[PDB]
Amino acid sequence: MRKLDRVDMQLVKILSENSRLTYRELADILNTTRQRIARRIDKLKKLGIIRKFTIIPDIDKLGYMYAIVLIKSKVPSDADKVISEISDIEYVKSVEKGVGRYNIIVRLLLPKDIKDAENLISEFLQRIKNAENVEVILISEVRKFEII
């Protein structure tokens, strides 16, 4: 739930900046062997510590825009159902449960086109039932974006 080897953390920090570094390059940077780096990364993946090797794109240049959906549920049972209902939607990039004004926070990747975007938002919202409050925030600018 927290404590993790010092070298494993460095490895995570490094891979988050350049996930394509070969085991050899990693071994050189960390003054260890390629074999040991291989085993470490393999364990990290097996343990679910590293869940995916992906990329950070400039969504605007790809023709997309983000939207953040803030949800306040009426009851827990409804929250979990909403979450299972939307977690499989492809354009839903993240789903989180929180403690505060909104208990469900969702990020959507939408088409940059306002009419297509609005149609898509309406479709998504139809899937949200039993909510006391739903706030949609259209993201006009992404200034900073990192995972860790």
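Residue numbers here begin at 1 and follow the sequence given.
Looking at the entry, does 60 to 68 or 31 to 39 show the higher mean C-alpha B-factor? Mean C-alpha B-factor is greater for 31 to 39.
On average, which has the higher Cα B-factor in the deposited entry, 48 to 56 or 111 to 119? According to the PDB entry, the answer is 111 to 119.
Using the B-factors in the PDB entry, rank residue 105's C-alpha atom against the chain and give the third, lowest, middle or highest. For residue 105, the deposited C-alpha B-factor lands in the lowest third.
Relative to the other modelled residues of the same chain, rank the CA B-factor of residue 83 and answer lowest, middle or highest third. Middle third - that is where residue 83 ends up once the chain's C-alpha B-factors are sorted.
Would you check the entry's CA temperature factor for residue 130 and let me know if it's in the chain's lowest, middle or highest third? For residue 130, the deposited C-alpha B-factor lands in the highest third.
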